[PDB]
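The next block holds one structure in the form of C-alpha cells; read it before the comments.
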Amino acid sequence: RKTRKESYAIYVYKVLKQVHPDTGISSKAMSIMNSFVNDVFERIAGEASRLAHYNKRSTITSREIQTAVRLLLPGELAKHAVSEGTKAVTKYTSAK
Amino acid sequence: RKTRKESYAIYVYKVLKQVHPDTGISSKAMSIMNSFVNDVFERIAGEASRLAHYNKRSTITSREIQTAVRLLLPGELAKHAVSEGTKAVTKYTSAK
Amino acid sequence: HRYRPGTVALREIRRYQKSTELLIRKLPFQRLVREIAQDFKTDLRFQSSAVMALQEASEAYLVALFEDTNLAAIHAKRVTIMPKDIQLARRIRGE
Amino acid sequence: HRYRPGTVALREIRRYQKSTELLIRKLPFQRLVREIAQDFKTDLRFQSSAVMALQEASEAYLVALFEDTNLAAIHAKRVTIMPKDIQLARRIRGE
Amino acid sequence: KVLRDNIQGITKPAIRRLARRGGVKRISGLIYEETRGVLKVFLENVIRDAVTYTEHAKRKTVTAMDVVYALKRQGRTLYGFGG
Amino acid sequence: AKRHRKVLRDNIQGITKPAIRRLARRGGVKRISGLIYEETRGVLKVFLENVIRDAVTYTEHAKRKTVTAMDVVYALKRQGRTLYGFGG
Amino acid sequence: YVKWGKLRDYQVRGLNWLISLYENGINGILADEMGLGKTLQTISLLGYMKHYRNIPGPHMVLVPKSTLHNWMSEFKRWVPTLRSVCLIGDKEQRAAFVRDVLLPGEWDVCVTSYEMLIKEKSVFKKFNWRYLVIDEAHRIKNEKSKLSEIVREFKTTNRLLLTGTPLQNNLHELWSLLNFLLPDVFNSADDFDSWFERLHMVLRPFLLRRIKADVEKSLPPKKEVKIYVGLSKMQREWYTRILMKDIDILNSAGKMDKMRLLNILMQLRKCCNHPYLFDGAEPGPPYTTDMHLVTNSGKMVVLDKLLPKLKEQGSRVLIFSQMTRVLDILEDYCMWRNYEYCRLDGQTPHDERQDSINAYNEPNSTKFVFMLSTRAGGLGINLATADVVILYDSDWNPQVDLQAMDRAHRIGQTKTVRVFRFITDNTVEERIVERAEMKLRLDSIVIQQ
Amino acid sequence: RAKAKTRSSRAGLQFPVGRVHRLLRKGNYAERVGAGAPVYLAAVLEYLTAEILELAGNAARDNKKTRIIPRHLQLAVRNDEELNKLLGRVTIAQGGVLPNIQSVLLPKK
Amino acid sequence: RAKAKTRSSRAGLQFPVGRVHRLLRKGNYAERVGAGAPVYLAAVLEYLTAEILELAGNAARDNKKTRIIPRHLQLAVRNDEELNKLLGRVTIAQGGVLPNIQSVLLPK
DNA sequence: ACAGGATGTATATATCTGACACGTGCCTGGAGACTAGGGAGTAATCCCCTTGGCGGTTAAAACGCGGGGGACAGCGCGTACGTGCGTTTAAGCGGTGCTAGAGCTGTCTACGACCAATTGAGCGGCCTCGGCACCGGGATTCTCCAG
DNA sequence: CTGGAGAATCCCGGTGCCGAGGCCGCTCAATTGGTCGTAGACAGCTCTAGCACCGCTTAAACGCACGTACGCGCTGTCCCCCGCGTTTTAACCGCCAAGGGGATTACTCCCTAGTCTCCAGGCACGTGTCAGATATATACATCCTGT
Ligand SMILES: Nc1ncnc2c1ncn2[C@@H]1O[C@H](COP(=O)(O)OP(=O)(O)O)[C@@H](O)[C@H]1O
Ligand code: BEF
Ligand SMILES: [Mg+2]
C-alpha cells in the first residue's frame, strides 16, 4: 500500500565511510545532503540542455556535460571534477 | 540569402498600427521588440513545464499557462493578461 | 554591581552566533502566517513543517538584512542602526 | 568670465543624461577586449557586432554602479564619491 | 474566526535577538516598526505564491513543498524540507 | 630618434579619465575623487574577465575560432545581465 | 593663345582629338604614358573652350593633394587668360573662400582635392559645370567608393579622365570608369562582359594612348635590376619563430606572454624589411648605437651601395617604401651618416610638400637622397633631377610601382634612369613579386592609338 | 477539402498560433501540449506587446517624432511601475537613463 | 544470459549510473541522451559529495562529537571559498551564522 | 538688494540626405482530415494527520526608571578639487590589399531507443544497545571598581 | 595604575533514552539481448567579412596654472537608549477527541500525436521618396559680476 520514496542516502552513507570511517550522520544532515545532490543535478542538466539547443543538436553527451561543468563550477573545483569524470568514462568504456 | 530568418516583426507592426495608426518604428527598436517577445515566451513556458512536473503530469494545458502567468506578472498586468487569455480561448472554442 | 553599557550586548552577540535555534517564538508566528493567508484564500489548512519552513526562511532573511544594515551605519561613522540604513541596504540590493 | 565650481558639472549631467550615445572610445576599448581574451584562448577573431555588445553591457554596468556609489556617498553626508563608496556598493550587492 | 493583528506578536525582544545574530551592538527605537513592515512584505510575497501552487493542485492544505517551490522562485533556495 | 618617438601605454589606460567622468555624469555624480580612476579600471577588468571567459567557452564548444554576438548575449544572460538588441 | 612655350606635335594631335570629342559630343580618356605632358594638353583644351567657343563658364579639376600647387603653377604659366582658383585648408578657410571667392563667380576654373570635394559636396552641387576633369582617375575604379557615388551627382556638360595606368587589376575596374563617362552606353558590367581578341574595338572610340618609346626617341630608356638578398641571422631567427607563432615578447614581464598573430603574412613582410620594427627587438633599451642597425638587416647591409653612388658623380637617388616606420629607420641611418636628404610622407602638411620638391629640384641643389612614401609620394609629383630609383619594398599591385619609377623618367630627364628592387630570397617577398608579375601579363602595357 | 483559415483568425488575434504551437512542441517543455495552450499564450504575448507600444508611441509623440526609437522604449518601461518590475534585470541598447539629479546636489537658494 | 554487473561497478563509482540515466531521460532535458553522459555526471556528483563530507567530518571531530549534524555542514561550506561561491544563494536549516563581529564594535 | 554683461540655450526657418516603406516574386511551414492508443478524469475506498478541549506551570515578556554611552551641530583649518588656457595627440574616417574560416550541401554508418525478458539492488518494516541530552558537583577567569 | 571581589561560562562525573545502525523480508526497476532507423562525423565546395597597413582630417585628450568648494579633526552639547529588577502574562508541555481530507486503486472514454497531403502566409528582394538631419540664424534663459 504505502508507496516508496527514492533518495541518495545509501550512496551518501557509503561515501562517508570511505572518507571518515568512524563517523556517523544525523537524519537532518541526511535531508540536507539529499537536497544538495538534487540541486546540483538540476543545475548541470539545465545548462547541458541549453547548450545543445544553441548548437542545434538533439543529443546530450559527455562533451555537453563537460562544458556545463566548466560554466557552473568555480575554478579549482571545476578542474578536479573534470578529471574525475573523464577518468570514470575512460574506465567505463574499457569494460562496457 | 539561401537561408530564411523567422522573427515576430510583422506581428509587432500589425499591432502597432492598431494602437497608433500615424506612427512608424525604426529597425533598432524593432530588434529590441523581437527580443522582448522571445524573453517573455521562454519565462512562461519554463514555469509551465515545472508545474506539470511537480504535479506529475504529461501535458502542458491552458490551466498551467494561466498559473504561470499568475506567478510571473505583477498584479495589474496579471489580472489583465488572464482576462485576455480567457477571452481568446472562449472565442476559439466557439469556432472549433 | 552593574556591567557597563554595551558589555552584555557582546555576550548576546557571541551566544546567539553559536546556537542554531529559532529566535522568534513559534506559536505567535503561526498566527501571523495564517492571518496573511486569509487575504489570498479562506479555510486553508497547513502542514506543521510548512510553518517551520516559513520560519527558517524568515529568520534567515532578517539576520542577513541586519548584517548589510550594520555595514551602512559603520560607513556613516556610527555604531547605532537607524531606519535609513535599512532603507539604503534594501535600495542598493534592488528590493 | 568664469563659471563657479560645480556650475558646469550640473550642465554636463543634464546633457549626458539626455543623450543615448556610447561614452568610451571604440578603438581603445576594442584593444582591451582582445588582450583579456588572449589569456583564455589564443588567436581568436571577433565579429564587429560582438565588441559592440560588450561595450553596451560594460557602459550599462558602470553607469548603474555609479548610481549606487552616489547614494552611499550622500548617506555619509558628502557630495564627493570616493573608493570606499564603490566598495560598499559592491559588497551590499553581493559581488 | 477572523484573526486580528498578530504582527505585534513579533516582540521587541525577538527582533533584538535577530539583530544580535546579525552582529548588531546598538539599536534605535524605530527599527522595530520598520522591521515588522519589512517582514510582512517578505511573508506576503512568499505566501501568495505558496497558495498559487496549492490551488493549482486542487488541495486545501498548504504543504512544505509548496513553500520550498515558492522560495526557489524568489532566489532563496532552502535545504532541509524535502527539496 | 625618429625610430623611438612614440611610446605605448597599457591597454587599461585606454579607458581615459575623460571617459570615466562622463559615465559618472550620466549616473548623476557631481564631484569625483582622484583615486577613483584606478579603482574603476580594476572593477571593469573583473567584469570583462567573467563575461569573456564564458563567451569563449561557448565558442570552443561550437568548434569555431570567431567570437560571435550570440556568444556574448548568452554569457550575459547566464549571469543575470540580459541584453536586448543584438538578437536572441 | 598658349604663351610660354610650344606644344609638341603629339600634344597638338592630342588637343585636336580632345576638340573632336567635344564636337562629336563624347567624353573620353587621355592616357599617354607617364611623363608625357598630359597636364598641358588639358590646360590648352580649356583655353580653346574660352577663346574659340566663348565659354567662360565654370570648370572643375580634381587632383591628389600633393599636386595642387603644380597644377596652379602651370595654369599661371602657359595660359594666363584663364582665371583659376583653389580650395584647400581648415574649416574657417574653406568657409571664407566659399563666401568671399567661390560664390562671387569671378573665376572660370576651380581646382580641388578629393577630400575638399567630399567636404564641400553641398556647395559645389549648386553650380552647373561645363567640364569635370578628374586626374589620377584610377582613384574612382571601385564604383561603391564614396567619391565615385558623389561624383555622379554633379550637373556637367562634359567629363574627362586623365590617367597613365588605365588598366589596374580587372575588367570591372575599367568598366567603372566607362560608367562615369557614358553611363547610358555602358549600362552594365554584365553587358560589358561578353562585349569584351576584341582588342581595341571598344577602346578606340573613347581612349587615346602614346608611349615614350614611340613619341620621344631622345629620352633614354630605363634600366631595371633585381637584387636578391639573404636574411641576417637575427631575421632568420624571428622569421622561424613567427611561423611557429611563439614570438612571445611582452615588455611588462609576464614571462614574455605571447604576441597575437591573426595575420601572419604581414608579420613575415615586416621582418624582411627590418627586425627592429618588432617590439623589444633592438638590442639594449638605451639604443643610439648605429652600426648594429646596418648589420641586422640583409637589405640595409646592401644599402651601403649609397656610398659608391654619391662618389659616382651626382647619381642623386629616390627611395620608395610602403611602411612609414621604414622611412624612420632610413632617416636615422642618413642622419647618422650625415647625408643631405629630403622626405615626403602622408603626414606632411601641404605647404611643406611643395617646398621640399622645389628644394630638391633646384639647378644648384645639394640634397642626395629623397625618401618618399609610395602612396602619397608615388603619384603626380615630378622629380626629373634624380638618376636613380630604389624600391626597398614590393607591392601587390604592379601599377603602383610603375608610377613611382616614372617620377624620374619624364620629359626633361637628360640621363638613363636605373631602378633597383630589393628582394629577400627565400621568403614571402618571392610570392609577392610573382603575383605582381602575374597581374602585368593581362595588362601587357598596350600601346593603343 | 475546405479552404484554410488561420487559427489566429479563429481566436481573434494578430500573433501566430501555429508558430507558437511548434515552438512549444519542439522546445522540450512537456511530452504533450494541449490545443488551448498556444491560443492562451499568443493572447498574452500580444497583450504585453500592445502595453509597451502604447506607452512608447506616447513618448515619441511628446518628443514630436513620428517614429519610435530605442530611447522611447526605455522611457516607457522605466516610468511604468509594473513594466519596470517585469523588466528590472534587462538592458535595452541605445536606451538612455531617465533623468534624475538628487536634491542635495542642486544650487542653493 | 550472463551474470549482471551494474554500470557503476564498471566505471568504478559508488553513486548510481542507472538511476541518473532514467532521471535524465524522463526529465525533458533532450530528445536523446548518450551512454557516457550518466557516467560523467555520476562521477561529478560523487566527487562534490565527498568534497563536502570530508570537511564536515573534520568539523565534527573539532567539536569532539562522532555524528555529523546540520551545523557542521554550514561551518564547512562557509569556511571554504569555492563551496561558498557554489552555494552562495542557499539557506541550510538548523544552520548557524559563522562567528563574527566587525572590529569597530569591539572594546578598546 | 539687484543693474546690465555675458554666456548658453531654445527654436525659427531653410534645405538637405539616407533609412523606411511600398510592392514584387518566390517557395515550405501551416492547415485538412482522419486513426491511433495511451493520459486523463472521476468514484470510491481507507485511516494519516489536522483541528481545538482542558489543565498545568514553568519561562518569557512586560513594566518602570537610574544613569552614561553615542548621536549630532558647529566651528575652524587647509590641499585636492574644478576650472579654462594652449597645446599635442591619435580617434575617426576612408581606402587599398589579401585569404581565414562561417557557411552550405552532400554522403555514409556509429549510435541510441525500443522491445521482451530476466533476476538482484534497494525499499520498508521492525529493532536496541550505545551516542550523548540532561541534571547537579566544583574550576578558573571573564569583568569591574575603590582604593 | 591596579588588588580585590564576585558573577560568567566553563570542565567534570552520574544519571537515563529514544536516535541511529542493524537486519529481516520481498518488492519492482536495472539488466541483458536483439532489433530498428536516422543523429551527426566527414569531406568537399563556395565566397563573405576578418585582419593589416597607410592616408586624411581635426575632435579630442594632454598638461599647465589658477583659485576657493568643501574634506574632515575637536569640541560641546543633552537626549534615549542600556541594564537592572520587578511584576506580570501566555508560552510550553502533556494529555485525549472528532472528523477534514491526503491518499489509494479502480474504472471508463476524451484527448492529442501520428501520418500524408496540400496551397497561401511569410521570406528576401529591390526602389521610390519623406522623416529626419543639421546649417544658419536669433530670441529668450539664466548666471555671474559689481555697486
Ligand atoms: N611642350 C612642352 N614643352 C616643354 N616642357 C613640357 C612640355 N610638355 C610638358 N612639359 C614638361 O614636362 C613635365 C611632365 O609633364 P606632366 O604634365 O607632368 O605630364 P604627366 O602629368 O602626364 O606626367 C612637366 O613638368 C612639364 O613642365
Ligand atoms: F601621368 Be603623370 F606622371 F601625372
Ligand atoms: Mg599630373
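Within every chain, numbering begins at 1; the chains are lettered A, B, ... in the order of the sequence lines, protein sequences first and strands thereafter.
Remark: K:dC18 base-pairs with no nucleotide in the shown strands. Criterion, Watson-Crick or G-U wobble with two distances under 3.5 Å. Base pairing of K:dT38 is not made with any nucleotide, judged by Watson-Crick or G-U wobble geometry with both donor-acceptor distances under 3.5 Å.
Side chains of B:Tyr8 and H:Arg19: a donor-acceptor N/O pair is absent below 3.5 angstrom, by distance only. Looking at G:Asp90 and G:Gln93, their side chains never bring a donor and an acceptor atom within 3.5 Å of each other.
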Notebook entry, point to check: Which nucleotides of nucleotides 1-21 of chain J have their base under 4.0 Å from a protein heavy atom (B), which only their sugar-phosphate (S), and which neither (-), written as one string 5' to 3'?
Noted result: ----B-SSS-------S--SS
Next item on the list: Determine, for nucleotides 25-35 of chain J in 5'-to-3' order, which nucleotides have protein heavy atoms under 4.0 Å from the base (write B), from only the sugar-phosphate (write S), or from neither (write -).
Entry: ----SBBBS--
Notebook entry, point to check: Which parts of nucleotides 61-74 of chain K does protein reach within less than 4.0 Å, heavy atoms only, written one letter per nucleotide 5' to 3' as B for base, S for sugar-phosphate only and - for none?
Noted result: SS------SSSS--
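Glycosidic torsion of J:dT140 falls outside 90° of 0, placing the base in anti.
Position along DNA chain K of the nearest nucleotide to H:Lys65 versus H:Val33 favours H:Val33 as the more 5'-ward residue. Both F:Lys6 and B:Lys56 lie close to DNA chain J; mapped to their nearest nucleotides by heavy-atom distance, the more 5′-ward contact belongs to B:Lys56. Closest-nucleotide positions on DNA chain J for G:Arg139 and C:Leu44 were compared, and the one nearer the 5' end corresponds to C:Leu44.
Relative to the side chain of G:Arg375, the nucleotides J:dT83, J:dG39, J:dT96 differ in distance, and J:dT96 lies closest. Proximity note for H:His21 (side chain, C-beta onward) versus J:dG92, K:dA113, K:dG132: the nearest is K:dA113. Among K:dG122, K:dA39, J:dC81, the nucleotide with an atom closest to any side-chain atom of F:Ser33 is J:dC81. Considering only side-chain atoms of G:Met323, the nucleotide from K:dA133, K:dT57, K:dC53 that sits closest is K:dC53. Taking the side chain of G:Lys439 as heavy atoms from C-beta on, and the options J:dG97, K:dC82, K:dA124, the nearest nucleotide is J:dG97.
When the ring-ring contact (aromatic ring centres under 6.0 Å, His included) test is applied to B:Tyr13, no partner is found at least two apart in sequence or on another chain. A:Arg63 meets the side-chain hydrogen bond (donor to acceptor under 3.5 Å, both in side chains) test with no other residue; sequence neighbours excluded. When the salt bridge (charged side-chain N to carboxylate O under 4.0 Å, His left out) test is applied to A:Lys28, no partner is found at least two apart in sequence or on another chain. For C:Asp43, the salt bridge (charged side-chain N to carboxylate O under 4.0 Å, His left out) partners two or more places apart in sequence, or in a different chain, are E:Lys1. The salt bridge (charged side-chain N to carboxylate O under 4.0 Å, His left out) search around H:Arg22 returns B:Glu6, not counting sequence neighbours. Taking the ring-ring contact (aromatic ring centres under 6.0 Å, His included) definition, one finds that C:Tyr3 meets it with C:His1, sequence neighbours left out. With sequence neighbours excluded, the residues satisfying salt bridge (charged side-chain N to carboxylate O under 4.0 Å, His left out) with C:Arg78 are C:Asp85.
K:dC82 and J:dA62 have their P atoms separated by 15 Å, with the value rounded to a whole Å. With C1' as the reference atom, K:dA7 and K:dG83 are 15 Å apart, rounded to whole Å. Look at the P atom in both J:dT58 and J:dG136: the space between them is 13 Å, to the nearest Å. Of the P atoms belonging to J:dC93 and K:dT134, the separation is 13 Å, rounded to the nearest Å. Atom P of K:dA141 sits at a distance of 36 Å from the matching atom of K:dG67, rounded to the whole Å. Taking the P atoms as reference points, J:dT105 lies 15 Å from K:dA124, given to the whole Å.
Within 6.0 Å of CZ in H:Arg25 there are more than 12 heavy atoms belonging to other residues, nucleotides or ligands. Within a 6.0 Å sphere centred on NZ of I:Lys65, heavy atoms belonging to other residues, nucleotides or ligands number 12 at most. The number of heavy-atom neighbours closer than 6.0 Å to CZ of C:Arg15, taken from other residues, nucleotides and ligands shown, is 12 or below. By the neighbour-count criterion of 12 heavy atoms within 6.0 Å, atom NZ of D:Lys26 is sparsely surrounded, having that number or fewer from other residues, nucleotides or ligands. Heavy-atom neighbours of B:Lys14 NZ from other residues, nucleotides or ligands within 6.0 Å: above the threshold of 12.
Nucleotide K:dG25 carries a south sugar; the sign of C1'-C2'-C3'-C4' is negative. A negative value of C1'-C2'-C3'-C4' puts the sugar of K:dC116 in the south, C2'-endo-like family.
Across all strands, B:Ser7 comes closer than 4.0 Å only to sugar-phosphate atoms, never to a base (heavy-atom distances).
A salt bridge links G:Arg94 with G:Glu120: the closest approach of a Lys/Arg side-chain nitrogen to an acidic carboxylate oxygen falls below 4.0 angstrom. With respect to the salt-bridge test (charged N to carboxylate O, under 4.0 angstrom), the residues F:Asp71 and F:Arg64 qualify.
For the OP1/OP2 pair of J:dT51 and a distance below 4.0 Å, the side-chain nitrogens and oxygens of C:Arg34 include at least one atom meeting the criterion. Checking the phosphate oxygens (OP1, OP2) of J:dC132, a side-chain nitrogen or oxygen of I:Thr66 falls inside 4.0 Å. Put simply, B:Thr59 has no side-chain N or O that comes within less than 4.0 Å of OP1 or OP2 on K:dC111. At least one side-chain nitrogen or oxygen of G:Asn169 sits closer than 4.0 Å to the OP1 or OP2 atom of J:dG97. Residue G:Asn142 has a polar side-chain atom (N or O) positioned under 4.0 Å from OP1 or OP2 of J:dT96. Residue F:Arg5 has no polar side-chain atom (N or O) positioned under 4.0 Å from OP1 or OP2 of J:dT89.
Nucleotide J:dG131 holds its P atom 11 Å from the CG atom of A:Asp22, rounded to whole Å. Nucleotide J:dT89 holds its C1' atom 13 Å from the CG atom of F:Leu8, rounded to whole Å.
Closest approach of B:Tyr11 to H:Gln14, counting heavy atoms only: CD2-O, 3.4 Å.
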Quick test: give all pairs of protein nitrogen or oxygen and nucleotides 100-108 of chain K nitrogen or oxygen below 3.5 Å, distance rounded to 0.1 Å.
| unit_1 | atom_1 | unit_2 | atom_2 | d |
| --- | --- | --- | --- | --- |
| K:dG100 | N3 | C:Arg45 | NH1 | 3.0 |
| K:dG102 | OP1 | E:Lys60 | N | 3.2 |
| K:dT104 | OP1 | A:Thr3 | OG1 | 3.2 |

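Taking a pair as Watson-Crick or G-U with both hydrogen-bonding distances under 3.5 Å, no stem of three or more pairs touches DNA chain J.
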